[PDB]
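Here's the structure we're looking at; comments come further down.
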Amino acid sequence: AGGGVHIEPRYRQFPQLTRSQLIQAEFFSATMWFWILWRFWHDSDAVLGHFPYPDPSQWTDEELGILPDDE
Amino acid sequence: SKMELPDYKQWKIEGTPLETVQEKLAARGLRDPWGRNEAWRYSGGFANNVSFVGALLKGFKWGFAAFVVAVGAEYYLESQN
Amino acid sequence: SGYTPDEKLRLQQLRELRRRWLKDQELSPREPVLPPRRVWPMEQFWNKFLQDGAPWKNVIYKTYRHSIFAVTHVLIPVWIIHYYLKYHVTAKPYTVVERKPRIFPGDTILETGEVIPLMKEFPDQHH
Amino acid sequence: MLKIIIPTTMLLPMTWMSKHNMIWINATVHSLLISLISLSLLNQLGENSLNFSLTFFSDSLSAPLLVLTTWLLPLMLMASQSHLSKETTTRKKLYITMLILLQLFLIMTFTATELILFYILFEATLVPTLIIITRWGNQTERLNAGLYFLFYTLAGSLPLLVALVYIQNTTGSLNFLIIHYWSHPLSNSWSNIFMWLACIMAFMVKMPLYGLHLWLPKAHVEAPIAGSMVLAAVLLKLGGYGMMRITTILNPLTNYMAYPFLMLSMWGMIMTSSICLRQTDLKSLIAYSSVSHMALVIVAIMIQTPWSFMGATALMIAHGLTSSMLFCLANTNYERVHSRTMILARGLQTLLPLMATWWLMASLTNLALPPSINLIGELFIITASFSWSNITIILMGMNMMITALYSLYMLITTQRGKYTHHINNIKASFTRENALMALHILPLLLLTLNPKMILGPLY
Amino acid sequence: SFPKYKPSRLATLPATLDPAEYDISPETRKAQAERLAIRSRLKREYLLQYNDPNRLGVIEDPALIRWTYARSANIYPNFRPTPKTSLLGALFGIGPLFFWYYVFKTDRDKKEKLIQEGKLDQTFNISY
Amino acid sequence: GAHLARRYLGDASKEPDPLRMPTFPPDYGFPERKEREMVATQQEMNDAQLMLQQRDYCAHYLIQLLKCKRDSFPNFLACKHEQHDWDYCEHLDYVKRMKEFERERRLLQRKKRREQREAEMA
Amino acid sequence: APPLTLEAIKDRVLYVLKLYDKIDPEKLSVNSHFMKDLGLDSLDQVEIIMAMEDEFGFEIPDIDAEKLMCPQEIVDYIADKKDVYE
Amino acid sequence: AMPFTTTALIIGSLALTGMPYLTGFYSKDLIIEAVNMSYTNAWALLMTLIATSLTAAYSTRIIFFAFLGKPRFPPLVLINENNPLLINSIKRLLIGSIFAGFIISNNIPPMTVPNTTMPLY
Amino acid sequence: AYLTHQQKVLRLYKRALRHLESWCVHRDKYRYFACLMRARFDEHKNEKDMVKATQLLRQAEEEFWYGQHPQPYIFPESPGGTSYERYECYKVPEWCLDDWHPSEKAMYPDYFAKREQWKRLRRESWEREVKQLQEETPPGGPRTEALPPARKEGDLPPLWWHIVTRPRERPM
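Chains as they are written, first to last, in PDB author numbering: chain 1j, 1 to 71; chain 1k, 11 to 91; chain 1i, 1 to 127; chain 1M, 1 to 459; chain 1m, 1 to 128; chain 1o, 1 to 122; chain 1U, 3 to 88; chain 1L, 365 to 485; chain 1n, 7 to 178.
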């Protein structure tokens with residue numbers, strides 16, 4: 001309210017963006033990449049899909065076991 | 011820092027992208043009625059921000075460092091065991 | 001765009017009458033004088049250890065205030081909810097019904113000591 | 001029950017002879033003390049009604065209403081302080097005499113053991129209320145107010161007189177206990193439905209149902225501030241006691257005969273709620289909301305269900321408390337503004353910080369929100385009506401849909417927003433008011449914490 | 001062309017786009033006349049007694065209590081039993097009445113002939 | 001998906017109906033049906049307080065997991081081998097369900113082929 | 003949040019509305035009557051009327067668009083509306 | 365001039381649009397693969413991916429509007445998160461929005477349907 | 007009084023791009039669309055026949071309504087905004103000081119002393135301003151909404167208490 005403001009305004013100039021609140025923001029900025037990519041390296045499987053899609057129209061007639069196709 | 015008012019003659023249209031639209035209205039045959047109060051809002055101090063992905067890539071080179079540190083962590087875990 | 005001598009006179013006179021009014025709204029040095037009240041001598045000692053305001057004294061008063069908040073708000077509530085609970089609540093039946101922990105094939109019991117047999121032959125589907 | 005009645009009767013010479021300015025003090029103090037003696041009557045032995053003599057008996061149905069009336073008498077007593085400070089000493093003592101006689105007749109009605117005595121004191125309430133409304137009223141239409149109230153109540157009551165003397169001639173007695181124990185099935189004979197109508201319509205008259213609800217709106221508006229709460233509070237519930245006791249002989253004919261009035265209440269409690277979104281007067285607003293609540297209690301009675309009876313028994317007390325609660329606020333704002341227009345003064349919270357707080361929990365109690373006894377009394381009726389006829393919840397949901405739309409609307413258009421710039425005589429709230437709504441709202445939650453007492457006689 | 005705006009009783013055509021409000025005849029320009037005069041004089045009263053230190057109390061116009069009367073008591077003396085009035089008054093005086101009565105008695109008899117032989121279930125509904 | 005395209009977009013009968021699947025005898029070309037071996041036991045998993053939704057054949061790999069989960073605190077990175085056994089069992093059961101679906105699918109194509117070549121053979 | 007002191011909005015009006023380069027600053031003044039002192043009608047006012055109000059964080063009344071013409075009028079209305087009294 | 369809020373907003377936007385390993389992965393991502401898996405209403409199925417697309421849309425709308433790079437505001441620059449307590453609270457919720465997405469997803473007892481295999485598309 | 011052609015077109019110009027800036031957001035896009043030649047308003051200043059002026063008004067005013075946002079720009083303090091009536095909660099009329107009590111009266115003493123002689127000035131000014139307003143009031147109910155000034159020295163303007171003692175826009 002009174003004089004001597006911390007971000008005391010130079011007219012139309014950058015209001016002293018403290019680089020400390022910058023460097024903590026970059027701590028968390030590196031932490032988001034941490035959580036997206038060291039989790040990827042730790043277990044890519046979560047976003048990879050484990051096991052594959054066994055496309056039905058590629059299999060054999062024994063495990064499917066149709067009664068003789070000629071019959 | 012009590013009201014560091016700057017000179018007005020310095021913050022004019024020249025150099026700023028508002029000159030291009032000033033050229034545009036020059037094609038229209040006109041002069042900008044206000045095109046100077048925002049010269050600061052075109053200078054690199056507050057204008058010219060990083061891209062939206064660039065904003066998303068907030069220090070992603072530190073993420074590339076995380077690449078190596080995590081890979082080496084698992085590599086020395088497996089190598090010595 | 002028709003500002004007659006009438007209402008420019010009216011308007012700037014209202015302006016600086018209100019300016020004088022606000023200059024009289026400035027509370028004098030003695031204002032906003034408050035009356036004497038009762039301050040606690042223990043908190044008086046704690047405050048007198050913060051006028052110098054060394055970081056260790058600041059931290060010490062911080063943890064003392066957190067300590068009195070804890071004693072009045074953490075274990076004071078458990079002083080009487082436990083008395084109500086294990087002596088009055090549990091004095092009446094079916095008040096605190098707890099879900100039975102998941103008894104497991106292969107776990108022994110503290111009192112009887114018997115163990116339920118472990119799960120039978122797995123398919124052994126190795127990865 | 002002489003223990004509580006005799007102090008009230010003999011209290012009268014005290015007020016009628018004490019000093020010109022100690023009468024207020026002495027009447028107040030002795031009212032609080034006879035209310036203290038009254039709350040000792042909350043005890044109820046098993047299922048037996050608390051008998052006292054051949055003529056006086058009480059039970060769990062009665063006791064909350066008795067201690068209610070005893071608790072109120074101080075309330076309008078010290079609410080009268082503002083409005084009667086300028087009138088003559090003898091008229092002041094006469095006003096206190098009217099209030100005391102009214103309370104005496106109420107506690108006589110509620111403790112009545114035989115029917116016709118209950119009826120005599122049932123009509124004995126009009127005389128003090130009529131006198132209070134007509135003499136100490138404020139505006140002009142108070143005369144037509146007294147006419148409407150008196151004539152409506154009588155036109156209801158006389159058929160009940162003929163019916164009661166007929167019951168005495170036929171059955172052999174009018175004592176409550178015997179006619180409950182010697183009850184017989186009221187058959188579907190074409191004389192029996194007129195018997196039922198005579199025994200019911202009287203109580204229905206002073207329980208304003210849809211259509212026959214003009215006396216309350218046209219009387220409570222300009223009734224004296226002390227009187228208005230008394231009308232809105234108790235004499236709508238002595239009729240409820242009347243139904244509570246007379247329905248023991250009206251079965252099983254009540255099973256299908258109640259249908260016309262029954263629905264006339266449910267749709268009724270919507271219309272008087274639907275009317276309740278648009279009122280030019282705040283007193284009329286409270287009166288119409290009251291009418292909605294009594295339509296609710298009416299449908300509570302007519303189902304003849306123990307849960308319906310519990311919801312009712314709670315509802316008379318809850319509604320009376322909240323209605324008088326709001327009427328006190330209406331009195332206070334009117335007395336400060338000397339008018340009763342709805343949107344005359346919005347945004348009163350900017351001037352009276354605690355008064356609109358009082359408004360806030362007053363409306364909240366009007367909302368019937370849990371765990372307040374208003375909600376529990378309503379809720380028992382919800383359950384009973386559902387078990388009665390499934391769909392009833394649709395109409396009653398419309399009622400628990402309109403109630404808050406008008407209650408909080410009254411807040412936003414009285415306390416919230418901003419003050420109207422013309423009025424400038426609104427002084428700081430006097431401790432008399434806020435004290436009286438304190439004694440009104442705090443016990444409303446106190447007895448909420450102990451709902452067994454007011455829960456009902458079928459417990 | 002550009003989508004033309006039409007008036008409505010709920011969403012009135014905005015003042016700018018009515019045709020006649022830009023077609024003001026000089027008769028209308030005179031017709032507005034000195035309504036600002038009488039309005040400003042009513043202000044003059046209001047601000048006078050408001051700024052008057054001698055006055056201290058509620059100040060109210062006839063305008064408000066005119067509407068109060070005409071919304072509360074003026075209804076009946078000027079009310080006439082027109083055919084329309086009787087028609088719609090009876091309409092919603094016995095339509096919802098008998099309609100709710102009908103639906104309620106319908107469901108009540110539904111359960112009545114569903115319980116006398118035992119179709120309806122009363123297994124856990126003891127707390128009726 | 002191909003199944004919806006064949007059924008919903010194309011001939012509904014030609015592809016299995018989800019609300020109907022399966023509608024066929026279990027030994028549809030599957031003589032001597034040895035039903036799947038009982039390794040999951042209802043009493044054990046009721047004792048484990050399992051959800052009825054997950055009380056499938058794979059239950060054996062679920063119950064064991066809880067054992068380690070009961071003995072792993074404080075740790076959430078433990079209990080991996082048997083939980084990966086459960087993951088592989090959920091894989092085998094998902095391929096089991098979809099392969100039974102494709103089994104009765106090609107058997108439904110067999111149904112149309114069969115009723116068109118043995119009944120409409122005239 | 004500043005009190006927007008008379009000197010604060012005073013600086014505002016020597017940057018805005020002294021932003022006007024259509025008129026050279028030598029004839030520009032805080033009492034400048036743009037219609038004849040500068041030769042441009044209230045027309046070539048309204049546009050910048052909309053600009054300056056976008057800066058101060060306030061809305062000039064649409065009814066008060068006319069007659070609101072000189073820098074002295076700007077500080078006048080800003081001071082009375084923003085209770086610029088310090 | 366609003367860096368910390370920028371990073372927080374970007375990662376929150378990615379989270380509500382199902383960021384892997386984040387809160388979004390064990391969230392709408394899971395629910396979407398479940399609704400695609402489980403027998404669900406068709407129109408609901410297509411609608412929920414349209415919803416995910418719109419969730420990306422407006423989440424990046426605030427991104428390319430607020431932090432776009434063209435200043436438009438009062439001449440006195442007040443955009444500044446210098447309050448230490450504001451930073452503390454924002455980061456207190458921020459760590460949860462980074463960590464607590466998975467600091468509860470695998471710790472919980474196995475409680476949902478474990479559909480592991482499924483069509484790649 | 008009557009809104010004239012000049013006032014109508016001024017309001018239309020004010021509302022036209024307040025609006026269009028919200029259409030374009032970016033200030034470069036602003037400046038372009040505003041300089042979509044501004045002389046588009048001035049290209050047809052020669053409208054000596056006011057009938058054609060009214061017809062082009064039918065085009066101008068009744069083209070804005072659909073070139074304008076269904077959700078246009080509003081300012082906080084502007085009506086329909088965020089802070090138009092936000093601070094009315096904390097504002098209190100000036101007469102709410104007389105009800106104060108000797109404890110509070112002496113606990114801000116000199117403030118109430120200054121209010122005392124301010125209301126004394128009100129006392130000495132009321133009769134002067136009413137006698138000044140009655141003498142110069144034309145018959146039939148003034149003539150406009152313009153309020154007469156204080157023509158003398160040391161006197162006060164008519165009806166001056168309310169617009170001065172009104173609560174500040176930042177009462178907190």
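Virtual Cβ for every residue (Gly too), placed ideally from N, Cα, C.
{"Query": "Length of the line joining the Cα atoms of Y69 (chain 1m) and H25 (chain 1n)", "Result": "45 Å"}
{"Query": "Cβ of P76 (chain 1n) within 9 Å of any chain 1M Cβ", "Result": "no"}
{"Query": "Residue-level contact to chain 1n via CB, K22 (chain 1k), 9 Å cutoff", "Result": "no"}
{"Query": "Buried versus exposed, by CB contacts within 10 Å (16 or more), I25 (chain 1M)", "Result": "exposed"}
{"Query": "Euclidean distance between Cα positions of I23 (chain 1M) and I120 (chain 1M)", "Result": "30 Å"}
{"Query": "Own chain, CB closer than 7 Å to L6 (chain 1U), minus 5 neighbours either side, in chain order", "Result": "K84 and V86"}
{"Query": "Buried versus exposed call for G160 (chain 1n) [16 or more other C-beta atoms within 10 Å across all chains shown]", "Result": "exposed"}
{"Query": "Chain 1L within 9 Å of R37 (chain 1n), Cβ atoms only", "Result": "no"}
{"Query": "Inter-stretch contact (C-beta, 8 Å, three-pair minimum) for the region 237-253 of chain 1M and the region 61-78 of chain 1M", "Result": "yes"}
{"Query": "Contact under 9 Å by Cβ, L373 (chain 1L) with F431 (chain 1L)", "Result": "yes"}
{"Query": "Spatial distance of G433 (chain 1L) from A152 (chain 1n) (CA atoms)", "Result": "48 Å"}
{"Query": "Cβ neighbour criterion (16 or more within 10 Å) applied to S417 (chain 1L)", "Result": "exposed"}
{"Query": "9 Å Cβ cutoff met for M325 (chain 1M) and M437 (chain 1M)", "Result": "yes"}
{"Query": "Contact list for the region 383-416 of chain 1M against chain 1m, Cβ threshold 9 Å", "Result": "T383, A384, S387, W388, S389, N390, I391, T392 and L395"}
{"Query": "Below-9 Å beta-carbon distance, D47 (chain 1o) vs any chain 1i residue", "Result": "yes"}
{"Query": "Separation of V81 (chain 1k) from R33 (chain 1o), as counted between CA atoms", "Result": "50 Å"}
{"Query": "CA nearest to the CA of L41 (chain 1M), picked from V337 (chain 1M), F57 (chain 1M) and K93 (chain 1M)", "Result": "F57 (chain 1M)"}
{"Query": "Chain 1n contact for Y95 (chain 1M) (CB, 9 Å cutoff)", "Result": "no"}
{"Query": "Chain 1m contact for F81 (chain 1n) (CB, 9 Å cutoff)", "Result": "no"}
{"Query": "Where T108 (chain 1i) falls: helix, strand or coil (DSSP)", "Result": "strand"}
{"Query": "Residues bridged to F56 (chain 1M) (per DSSP)", "Result": "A112 (chain 1M)"}
{"Query": "Pair within 9 Å by beta-carbon distance, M37 (chain 1U) and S1 (chain 1i)", "Result": "yes"}
{"Query": "Spatially closest choice to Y485 (chain 1L) from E63 (chain 1j), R39 (chain 1j), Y53 (chain 1j) and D61 (chain 1j), by CA coordinates", "Result": "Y53 (chain 1j)"}
{"Query": "Contacts around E123 (chain 1M), its chain only, beta-carbon distance under 8 Å, and the 5 residues preceding and following it disregarded", "Result": "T153, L154 and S157"}
{"Query": "Segment contact flag, the region 29-44 of chain 1k with the region 13-21 of chain 1k, C-beta cutoff 8 Å, min 3 pairs", "Result": "no"}
{"Query": "Residue range of the unbroken alpha helix (DSSP H) whose run includes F386 (chain 1M)", "Result": "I373 to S389"}
{"Query": "Bridge partner(s) assigned by DSSP for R10 (chain 1j)", "Result": "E14 (chain 1k)"}
{"Query": "Three CB pairs or more closer than 8 Å across the region 336-348 of chain 1M and the region 403-414 of chain 1M", "Result": "yes"}
{"Query": "Contact with chain 1k by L42 (chain 1n), beta-carbon distance below 9 Å", "Result": "yes"}
{"Query": "Cα-Cα separation, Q47 (chain 1U) to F70 (chain 1n)", "Result": "21 Å"}
{"Query": "Nearest-angstrom Cα separation, counted from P7 (chain 1m) out to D18 (chain 1m)", "Result": "8 Å"}
{"Query": "Partners in chain 1j for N446 (chain 1L), counting only beta-carbon separations shorter than 9 Å", "Result": "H6, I7, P15, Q16, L17, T18 and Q21"}
{"Query": "Interfacial residues, the region 46-76 of chain 1k to chain 1U, with Cβ spacing under 7 Å", "Result": "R46 and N47"}
{"Query": "Same chain only: Cβ atoms within 6 Å of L315 (chain 1M), ignoring 5 sequence neighbours per side", "Result": "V297 and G377"}
{"Query": "Extent of the continuous alpha helix (DSSP H) run through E57 (chain 1U)", "Result": "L45 to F58"}
{"Query": "Cβ pair count under 8 Å reaching 3, the region 4-18 of chain 1o against the region 77-87 of chain 1i", "Result": "no"}
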